[PDB]
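Novice: Dropping the structure in here first, questions after.
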Amino acid sequence: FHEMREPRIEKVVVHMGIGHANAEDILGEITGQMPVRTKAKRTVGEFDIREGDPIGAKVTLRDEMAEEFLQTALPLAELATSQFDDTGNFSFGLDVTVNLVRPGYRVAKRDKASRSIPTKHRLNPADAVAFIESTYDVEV
RNA sequence: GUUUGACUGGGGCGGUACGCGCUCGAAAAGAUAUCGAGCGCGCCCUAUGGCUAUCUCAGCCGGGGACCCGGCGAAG
Ligand SMILES: [Mg+2]
Ligand SMILES: [Mg+2]
Ligand SMILES: [Mg+2]
Ligand SMILES: [Mg+2]
Ligand code: NA
């Protein structure tokens with residue numbers, strides 16, 4: 001049963017929602033791979049009327065690139081609880097989000113016969129705290 | 001020397017139902033009138049055309065009315 005039910009980290013998105021950049025540079029070094037532009041939608045008063053327009057960057061890290069990052073990111077954060085997803089996710093911080101899920105996720109991300117992951121096989125906030133807390137730190 | 005139009009609950013004044021498109025009137029095929037009700041067109045676009053690749057939207061919810069992540073979401 002287990003082994004295929006035990007949590008794992010799938011991508012950690014580090015993004016800097018600026019309002020118009022030079023910031024990529026640090027993201028590249030804090031993570032280890034190129035950043036991606038962040039265009040914005042809708043015209044608004046914060047002199048942000050431009051639809052297509054660089055207004056920040058993000059970086060999606062997977063596997064080791066994500067651990068080797070969290071092995072310093074987490075330590076720089078304290079928070080826990082309430083600040084967790086209903087799907088077992090949590091964002092802290094410059095933002096650093098951690099998407100967590102179990103082994104059969106590809107079923108909902110592939111092209112052919114894709115399917116949505118059953119509520120039971122989903123990751124709960126609690127089942128999430130456990131996994132992570134059980135990895136160099138403490139909850140709440 | 002001539003012209004100075006037509007429609008019109010008489011004619012004039014007002015209006016254009018004088019060329020066009022849609023809903024209703026219209027009676028569950030088609031056709032269908034009034035100065036019938038609601039309202040539009042006389043353009044604009046080198047992309048706002050064409051194809052291919054990749055992709056899924058509104059709105060709401062939860063975590064850090066811009067941006068980022070997850071979820072619900074046949075279509076508003
Ligand atoms: Mg004569
Ligand atoms: Mg005369
Ligand atoms: Mg007459
Ligand atoms: Mg008919
Ligand atoms: Na005439």
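Just so we're on the same page: first chain in the structure tokens is A, next is B, and so on; residues restart at 1 for each chain, and ligands are numbered from 1 in the order they show up.
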Give me, as a PDB file with N, CA and C atoms (P, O5', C5', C4', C3', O3' and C1' of nucleotides), in the first residue's frame, the residues of chain B touching chain A, with the criterion being at most 10 Å (counting only C-alpha atoms (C1' of nucleotides)).

Specialist:
ATOM      1  P     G B  62     -11.322  31.797   1.156  1.00  0.00           P
ATOM      2  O5'   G B  62     -10.020  30.888   1.261  1.00  0.00           O
ATOM      3  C5'   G B  62     -10.028  29.696   2.053  1.00  0.00           C
ATOM      4  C4'   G B  62      -8.815  28.857   1.750  1.00  0.00           C
ATOM      5  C3'   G B  62      -7.466  29.554   1.815  1.00  0.00           C
ATOM      6  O3'   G B  62      -6.978  29.775   3.128  1.00  0.00           O
ATOM      7  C1'   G B  62      -7.539  28.238  -0.125  1.00  0.00           C
ATOM      8  P     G B  63      -5.920  30.962   3.382  1.00  0.00           P
ATOM      9  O5'   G B  63      -4.599  30.477   2.637  1.00  0.00           O
ATOM     10  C5'   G B  63      -3.846  29.367   3.141  1.00  0.00           C
ATOM     11  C4'   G B  63      -2.479  29.322   2.504  1.00  0.00           C
ATOM     12  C3'   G B  63      -1.693  30.621   2.487  1.00  0.00           C
ATOM     13  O3'   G B  63      -1.099  30.949   3.732  1.00  0.00           O
ATOM     14  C1'   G B  63      -1.544  29.615   0.373  1.00  0.00           C
ATOM     15  P     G B  64      -0.547  32.441   3.973  1.00  0.00           P
ATOM     16  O5'   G B  64       0.753  32.501   3.050  1.00  0.00           O
ATOM     17  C5'   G B  64       1.479  33.728   2.877  1.00  0.00           C
ATOM     18  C4'   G B  64       2.582  33.546   1.860  1.00  0.00           C
ATOM     19  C3'   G B  64       3.205  34.846   1.375  1.00  0.00           C
ATOM     20  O3'   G B  64       4.123  35.484   2.296  1.00  0.00           O
ATOM     21  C1'   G B  64       2.502  33.587  -0.496  1.00  0.00           C
ATOM     22  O5'   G B  65      -7.165  41.154  -4.069  1.00  0.00           O
ATOM     23  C5'   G B  65      -7.675  40.446  -5.205  1.00  0.00           C
ATOM     24  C4'   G B  65      -7.881  41.331  -6.417  1.00  0.00           C
ATOM     25  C3'   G B  65      -6.626  41.958  -7.007  1.00  0.00           C
ATOM     26  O3'   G B  65      -6.028  41.065  -7.945  1.00  0.00           O
ATOM     27  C1'   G B  65      -8.324  43.600  -6.777  1.00  0.00           C
ATOM     28  P     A B  66      -4.471  40.683  -7.823  1.00  0.00           P
ATOM     29  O5'   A B  66      -3.707  41.918  -8.476  1.00  0.00           O
ATOM     30  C5'   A B  66      -4.042  42.400  -9.793  1.00  0.00           C
ATOM     31  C4'   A B  66      -2.783  42.798 -10.526  1.00  0.00           C
ATOM     32  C3'   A B  66      -1.882  41.646 -10.947  1.00  0.00           C
ATOM     33  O3'   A B  66      -2.289  41.191 -12.244  1.00  0.00           O
ATOM     34  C1'   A B  66      -0.599  43.324  -9.862  1.00  0.00           C
ATOM     35  P     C B  67      -1.916  39.708 -12.744  1.00  0.00           P
ATOM     36  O5'   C B  67      -0.438  39.462 -12.216  1.00  0.00           O
ATOM     37  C5'   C B  67       0.682  39.377 -13.110  1.00  0.00           C
ATOM     38  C4'   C B  67       1.846  38.746 -12.393  1.00  0.00           C
ATOM     39  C3'   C B  67       1.663  37.280 -12.028  1.00  0.00           C
ATOM     40  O3'   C B  67       2.050  36.415 -13.097  1.00  0.00           O
ATOM     41  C1'   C B  67       2.280  38.466 -10.093  1.00  0.00           C
ATOM     42  P     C B  68       1.498  34.902 -13.148  1.00  0.00           P
ATOM     43  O5'   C B  68       2.123  34.216 -11.853  1.00  0.00           O
ATOM     44  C5'   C B  68       3.538  33.985 -11.757  1.00  0.00           C
ATOM     45  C4'   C B  68       3.859  33.250 -10.481  1.00  0.00           C
ATOM     46  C3'   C B  68       3.030  32.009 -10.209  1.00  0.00           C
ATOM     47  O3'   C B  68       3.460  30.890 -10.968  1.00  0.00           O
ATOM     48  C1'   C B  68       3.147  33.294  -8.245  1.00  0.00           C
ATOM     49  P     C B  69       2.377  29.810 -11.451  1.00  0.00           P
ATOM     50  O5'   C B  69       2.052  28.995 -10.124  1.00  0.00           O
ATOM     51  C5'   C B  69       3.073  28.207  -9.474  1.00  0.00           C
ATOM     52  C4'   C B  69       2.493  27.477  -8.289  1.00  0.00           C
ATOM     53  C3'   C B  69       1.168  26.790  -8.562  1.00  0.00           C
ATOM     54  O3'   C B  69       1.308  25.559  -9.251  1.00  0.00           O
ATOM     55  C1'   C B  69       1.020  27.977  -6.535  1.00  0.00           C
ATOM     56  P     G B  70       0.046  24.955 -10.039  1.00  0.00           P
ATOM     57  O5'   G B  70      -0.924  24.479  -8.873  1.00  0.00           O
ATOM     58  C5'   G B  70      -0.524  23.446  -7.957  1.00  0.00           C
ATOM     59  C4'   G B  70      -1.608  23.219  -6.942  1.00  0.00           C
ATOM     60  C3'   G B  70      -2.990  22.983  -7.522  1.00  0.00           C
ATOM     61  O3'   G B  70      -3.170  21.648  -7.961  1.00  0.00           O
ATOM     62  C1'   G B  70      -3.147  24.565  -5.787  1.00  0.00           C
ATOM     63  P     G B  71      -4.312  21.318  -9.043  1.00  0.00           P
ATOM     64  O5'   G B  71      -5.671  21.650  -8.276  1.00  0.00           O
ATOM     65  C5'   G B  71      -6.062  20.860  -7.140  1.00  0.00           C
ATOM     66  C4'   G B  71      -7.341  21.378  -6.538  1.00  0.00           C
ATOM     67  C3'   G B  71      -8.528  21.516  -7.472  1.00  0.00           C
ATOM     68  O3'   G B  71      -9.161  20.266  -7.719  1.00  0.00           O
ATOM     69  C1'   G B  71      -8.360  23.440  -6.122  1.00  0.00           C
TER      70        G B  71
END

Novice: DSSP on the backbone: what in chain A comes out strand (DSSP E), as a compact mmCIF listing (two decimals) with C-alpha atoms, in the first residue's frame?

Specialist:
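Contents of result05.txt, freshly written:
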# COMPACT_ATOMS: atom_id res chain seq x y z
CA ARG A 8 7.14 13.77 -2.24
CA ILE A 9 8.06 17.23 -3.50
CA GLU A 10 6.95 18.13 -6.99
CA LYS A 11 8.32 21.53 -8.05
CA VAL A 12 9.09 24.55 -5.86
CA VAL A 13 8.19 27.83 -7.53
CA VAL A 14 10.34 30.78 -6.49
CA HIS A 15 8.92 33.98 -7.94
CA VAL A 36 11.02 33.12 -16.61
CA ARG A 37 9.33 36.40 -17.46
CA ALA A 57 9.98 36.18 -12.92
CA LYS A 58 9.56 32.70 -11.52
CA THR A 60 10.10 26.00 -11.17
CA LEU A 61 12.53 23.59 -9.55
CA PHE A 90 2.29 25.91 1.47
CA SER A 91 3.91 29.17 0.38
CA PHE A 92 6.38 31.19 2.46
CA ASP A 95 7.90 33.95 -2.65
CA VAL A 96 8.76 30.26 -2.42
CA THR A 97 5.92 27.78 -2.94
CA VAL A 98 6.10 24.02 -2.45
CA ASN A 99 3.73 21.72 -4.32
CA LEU A 100 3.35 18.35 -2.61
CA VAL A 101 1.63 15.20 -3.82

Novice: Using DSSP secondary structure from the backbone, list all alpha helix (DSSP H) positions within chain A, as a list in words.

Specialist: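 Result set for chain A (alpha helix (DSSP H)): residues 24, 25, 26, 27, 28, 29, 30, 31, 64, 65, 66, 67, 68, 69, 70, 71, 72, 73, 125, 126, 127, 128, 129, 130, 131, 132 and 133 of chain A.
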
Novice: Throw together the list of residues within 12 Å of ligand 5, counting only C-alpha atoms (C1' of nucleotides) and all ligand atoms, and drop it here as a list in words.

Specialist: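 Checked against 12 Å with only C-alpha atoms (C1' of nucleotides) and all ligand atoms; the hits are residues 3, 4, 5 and 6 of chain B.
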
Novice: Excluding stretch 23-33 of chain A and any residue of its chain fewer than 2 positions from it, enumerate the residues within 7 Å of it, using only C-alpha atoms (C1' of nucleotides), and give them as number ranges by chain.

Specialist: A: 21, 35, 57, 69
